[PDB]
Amino acid sequence: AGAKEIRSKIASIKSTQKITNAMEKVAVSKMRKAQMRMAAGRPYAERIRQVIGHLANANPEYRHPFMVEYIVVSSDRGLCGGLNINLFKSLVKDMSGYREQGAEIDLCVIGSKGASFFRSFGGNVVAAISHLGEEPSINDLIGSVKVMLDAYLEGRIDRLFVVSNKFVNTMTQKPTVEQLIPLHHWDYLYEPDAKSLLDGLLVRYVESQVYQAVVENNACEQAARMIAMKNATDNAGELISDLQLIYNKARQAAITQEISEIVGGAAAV
Amino acid sequence: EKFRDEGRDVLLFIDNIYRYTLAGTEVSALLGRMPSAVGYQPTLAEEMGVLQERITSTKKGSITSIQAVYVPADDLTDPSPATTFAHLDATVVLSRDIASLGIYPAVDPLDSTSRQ
Amino acid sequence: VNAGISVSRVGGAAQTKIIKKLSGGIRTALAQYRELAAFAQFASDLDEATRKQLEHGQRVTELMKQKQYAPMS
Amino acid sequence: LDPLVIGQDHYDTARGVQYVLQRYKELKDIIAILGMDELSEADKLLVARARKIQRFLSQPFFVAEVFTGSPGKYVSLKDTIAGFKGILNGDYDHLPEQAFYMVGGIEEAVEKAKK
Amino acid sequence: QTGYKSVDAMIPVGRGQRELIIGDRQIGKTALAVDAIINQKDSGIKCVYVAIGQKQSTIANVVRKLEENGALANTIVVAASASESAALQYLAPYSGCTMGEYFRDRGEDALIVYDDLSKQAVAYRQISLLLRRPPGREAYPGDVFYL
Amino acid sequence: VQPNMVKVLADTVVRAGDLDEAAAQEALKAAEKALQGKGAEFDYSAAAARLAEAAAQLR
Ligand SMILES: Nc1ncnc2c1ncn2[C@@H]1O[C@H](COP(=O)(O)OP(=O)(O)OP(=O)(O)O)[C@@H](O)[C@H]1O
Ligand SMILES: [Mg+2]
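What counts and what doesn't
- Residues numbered from 1 in each chain as written, not as in the entry; some residues may be left out.
- Chains lettered and ligands numbered in written order.
- Part of a larger assembly, values for the part shown.
- Heavy atoms only, no water.
- Helix = DSSP H or I, 4+ residues; strand = E, 2+ residues; numbered from the N terminus.
- Rg over C-alpha atoms; globule rule 2.2 N^0.38 Å.
- Buried < 20%, exposed > 50% of the residue type's maximum accessible area, 1.4 Å probe, protein only.
- Areas by Shrake-Rupley, 256 points an atom, 1.4 Å probe, with all protein chains shown as cover.
- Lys, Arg positive; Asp, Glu negative; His and termini not counted.
- Charge placed at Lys NZ, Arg CZ, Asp CG, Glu CD.
- Contact = heavy atoms within 4.5 Å.
- Buried area = accessible area lost by both parts, 1.4 Å probe.
- Salt bridge = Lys/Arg side-chain N within 4 Å of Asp/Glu carboxyl O.
- Polar contact = N/O pair within 3.5 Å; in protein donor to acceptor, adjacent residues only side chain to side chain.
- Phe/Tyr/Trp six-rings, centres within 6.5 Å; stacked < 30°, edge-to-face > 60°.
- Expected span 1.5 Å × (residues − 1).
- UniProt positions renumbered as here; feature names shortened; annotations may be inferred.
- Near = heavy atom within 4 Å.
- Pairing = 2+ DSSP bridges.
- Axes fitted to C-alpha atoms, helices over the stretch in contact; angles between N-to-C directions.
- Core = buried A, V, L, I, M, F, W, Y, C linked by side-chain atoms within 4.5 Å.

In its metadata, the entry names cryo-EM as the structure determination method and reports 3.02 Å as the resolution.

A. Inspection of the overall build of chain F at higher detail. When helices and strands are counted, chain F shows 2 helices and 0 strands. For 59 residues, the compact-globule estimate of 2.2 N^0.38 gives 10 Å, and chain F exceeds it by more than 25% at 23 Å. Reported as C-alpha extents along the three principal axes, the dimensions of chain F are approximately 60 × 35 × 20 Å. In chain F, buried positions account for 25% of the 59 residues. Total accessible area computed for chain F in this model is approximately 4200 Å², and 59% of it derives from carbon and sulfur atoms. Across chain F, the mean location of the 7 positive side-chain charges is 6 Å away from that of the 9 negative side-chain charges.

B. Quick look at the interface of chain F and chain A. Contacts between chain F and chain A engage 33 residues on the former and 35 residues on the latter. In this assembly, chain F packs against chain A so that about 2900 Å² is buried in total across both faces, 59% of it on carbon and sulfur atoms. Considering only the side of chain F, the residues that lose the most area to chain A are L9(F), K33(F) and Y44(F), jointly responsible for 21% of the buried surface there. At the junction of chain F with chain A, the criterion picks out 3 salt bridges. Put simply, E207(A) and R15(F) hold a salt bridge, and the shortest N to O gap is 2.5 Å. Across the contact surface, chain F and chain A share 10 residue pairs in polar contact. Of all the secondary structure elements, the ones that give two or more residues to the side of chain F that touches chain A are α1 (17-31) and α2 (45-58) of chain F. Tallying contributions element by element places α1(F) first for the side of chain F that touches chain A, with 9 residues.

C. Summary view of the packing of aromatic side chains. In total, this model carries 16 aromatic pairs over all chains according to the counting rule given. Between the aromatic rings of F88(A) and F117(A), the centroid separation amounts to 4.5 Å while the plane-to-plane angle is 20 degrees, which identifies the pairing as stacked. Here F88(A) is found in helix α3 (residues 83-101), whereas its partner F117(A) is found in helix α4 (residues 112-119), with 29 residues between them in sequence. Residues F121(A) and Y44(F) carry aromatic rings whose centres are separated by 5.1 Å and whose planes lie at 50 degrees to one another, so their mutual orientation is tilted. On the criterion of chain membership, the pair formed by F121(A) in the loop between α4 and β3 (127-129) and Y44(F) in the loop between α1 and α2 is interchain, its members lying in two chains. You can call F121(A) partly exposed: its relative accessible area is 38%. Note on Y44(F): relative accessible area 11%, which makes it buried. An aromatic cluster is defined as three or more aromatic residues linked by ring pairs; in this entry it consists of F88(A), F117(A), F118(A), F121(A) and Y44(F).

D. The arrangement of helix α1 (residues 3-39) of chain A in detail. Residues and elements named next belong to chain A. The terminal C-alpha atoms of α1 lie 56 Å apart, and with 37 residues this matches the ideal 54 Å at 1.5 Å per residue to within 8%. Of all the positions in α1, only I6, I10, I13, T20, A27, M31, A34 and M38 are classed as buried. Looking at the buried positions of α1, the neighbouring elements they touch are α2 (42-58), β4 (160-169) and α6 (194-266).

E. Quick peek at the UniProt feature "binding site: ATP" in chain E. Within this structure's numbering, the places UniProt gives as "binding site: ATP" are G23(E), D24(E), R25(E), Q26(E), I27(E), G28(E), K29(E) and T30(E). With respect to the helices, strands and loops of the structure, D24(E) is situated in the loop between α1 (5-10) and α2 (29-38). Position of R25(E) relative to the elements: it lies in the loop between α1 and α2. Looking at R25(E), the relative accessible area reads 41%, which means it is partly exposed. Sequence-distant contacts of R25(E), defined by excluding residues within four places in its chain, comprise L76(B), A82(B) and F85(B).

F. Structural view of the site of ligand 1. In the vicinity of ligand 1, the contacting residues are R115(B), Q66(C), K67(C), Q68(C), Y4(E), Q26(E), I27(E), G28(E), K29(E), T30(E) and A31(E). Nearby residues around ligand 1 are contributed by chains B, C and E. Within the side chain of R115(B), a nitrogen or oxygen atom sits 2.9 Å from an oxygen atom of ligand 1. At a separation of 2.8 Å, an oxygen atom of ligand 1 approaches a polar backbone atom of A31(E). Protein chains bury 61% of the 630 Å² of accessible surface belonging to ligand 1 in isolation.

G. A look at the sheet that holds strand β2 (residues 75-81) of chain E. Residue and element names in this part refer to chain E. One open sheet holds the 3 strands; their spatial order is β2-β1-β3, and the pairing between them is parallel. Two strands close off the open sheet at either side, each with one partner strand: β2 and β3 (110-114). Within the sheet, the average angular offset between the axes of one strand and its neighbour, ignoring direction, is 10 degrees. Where strand β1 (residues 46-54) and β3 come together, 5 bridges link them in parallel fashion. Paired with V50 across the strands is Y114, a residue of β3.

H. Looking closely at the nonpolar core. Core analysis: the largest hydrophobic core is formed by 49 residues, its most contacted members being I71(A), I110(A), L141(A), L180(A) and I181(A). Excluding anything up to four places from it in sequence, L180(A) contacts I71(A), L160(A), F161(A), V162(A), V206(A), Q209(A) and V210(A). Core analysis: the second largest hydrophobic core is formed by 44 residues, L107(A), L46(D), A31(F) and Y44(F) among them.

I. The side chain of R251(A), seen in detail. Structurally, the position occupied by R251(A) is in helix α6. With relative accessibility at 16%, the residue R251(A) sits in the buried group. Not counting the four nearest positions on each side in its chain, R251(A) is found in contact with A73(B), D75(B) and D78(B).

J. Representation of unusual backbone geometry in the model. All names here are of chain A. Here the residue pair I181 and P182 is connected by a cis peptide bond, since its omega of 0 degrees sits within 30 degrees of zero. Here the amide bond leading from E191 into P192 is cis, since omega sits at 0 degrees, within 30 degrees of zero. With respect to the helices and strands, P192 occurs in the loop between β5 (172-181) and α6. In the Ramachandran plot, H131 falls in the positive-phi region, its phi being about 65 degrees despite a non-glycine side chain. Note that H131 resides in the loop between β3 and α5 (138-154).

Structure (structure tokens):
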């Protein structure tokens, strides 16, 4: 219609571009916070692996079910660079292999986008929790984890796997699936009994690997959001650049028309 | 032109080539001629060509010219910038950012260009 | 030359047989590349089919590059 | 394009195709800056049917086989209505978008989707 | 044959065709057309090059490159430079076309290049607005299509 | 405990089973939905490719 409307659209796109610029830097800061919370849980995991290892070896008479022959993590906010889709595309691929092999599948959903993917396709679920803070605590995962550990004990599930993105790098978020269940010289003094302790250690170890997974996926959410907000800022500029060319054409065209009208009237009067 | 005929290489500095175009628009309006696109004089390309075609390398000497350029409404498609750019062999851009760094020449190595 | 919008209305009937037959697989490759060129940097992990098309697309594009004052027979 | 001239079935198929494309045109700016993934579940479904409808409106002509080389297609009014009615109802939601481009009748899209 | 694999394989030109070379400034529009003329030094197609509103130094460089490449003996060069009268710039394409038509009417083949058809339109607009003829879109005369 | 090193793998809350037991029922409660389905729901790969392609165009 004219030059008036295009100015409002160039101003509209310029305002949105400045906030998406900040959101990329906010996201980078939050990514660094989630990466230190990732490292403050490695000691509890590497030492318990050594204890669960040696304690089984010195006590061969007990072979916990977890040691002999899906939990899915999703975001609570948008702006991700298809991070939820890429994992949900690996969840569907592995589930297919089992449906072809003939096995049934029960599911645990952590986060909002996981629930959306299942309500949108009428999928089954046995446990679910969302609204976990950007800073999660292991206590929230205990309830959801318990519904899954008992299954494996009651035979309601033959194998348990955690589905989460892994923080390969600042530019890479590898979707992956790993099996949670099933899994020197001297010997330890056991209080009260070795069997009593092995049962306690194995639950602490599975609830630990699940917390490790949630926290890493939050770091992936922040990085993915950084790239998405960079893309949005760049795309906005391209629209601003294209509209500016149309505005210059509208500006030049308006001037020629007025001059013709002035000249036309003066050529009569 | 006189120094070039002497056997020299000469520098011709033009303070602003946009003001040469505008003076032509003003004179064309005073003489009553019918205005062209965006209100410029109908003789816009010929008036630029008459000036710019004398600045060349002859078989005796060579007049090289440095001309400051102004862009109306920041539009590079406007008739004045469009016509002038058709006769330019190089573009030197001076940057306010580079000056803050402390490089006094202040020529932008990425935005500045040459057909040579 | 922008192979997307450049076109010859009567050129088809003018090409020699050799160029008319062999050129069949050149324009199609550039078209297949047009849809993948920007995304190519993160297409190394995509389906093998997409990678074959992309490999060919990056090759044909490179071959079309030529120099000034150097005509081929 | 009147119910009293062409019948309700043809008039509804056309009204439905136009309704779908109009909404897709309105969503263009949001997808341009944020992409298709931020849209609602229903909007994503329409954007998918709008795209298939767009390519099923394409047709190779008998006066264009010289330009392209592919053979021309003549589609009856009956086959035209059946193809778009099927895409709007969702009977073809399992085919890739590129199975509808230059395929003449809908059966050819089903056979194009096999590759 | 233009001698360019991209053009000769995807955008072929036949004898008697009108093929437009379009784009922004400084992209190789002249380069492509001059190489197409150089490739006709052995084909038997006589060539004509019309320079409209160009710099004298640019015209001189093209003539040297044509003689350096052995193509000047088959080429006719028609020049109306940036400081010449608008009337001569507006008429140069018709003069070059008339020289090219000499070969087509006698059963021979010819190739003609118009270096800037957009500069011919600017020259014709100047003459039209100086005869006080009503202007249209972008201030061009009503018969600019017919030009 | 080892001769050289002493590690305390400390918990962050009361680990009474009842609390986790309640926690599990609370998670089970949140998992209840109007359309639980059969358990053989599939064929999302077409949609996953459709969105994946749009996400390529976005960057
Ligand atoms: N194949 C090529 N290889 C290398 N350089 C090339 C090639 N084709 C064109 N160029 C370069 O492109 C530049 C511009 O070319 P040219 O002057 O012909 O473009 P133009 O569109 O006609 O410009 P102008 O608007 O000034 O007339 C020149 O420096 C030329 O050498
Ligand atoms: Mg040129």
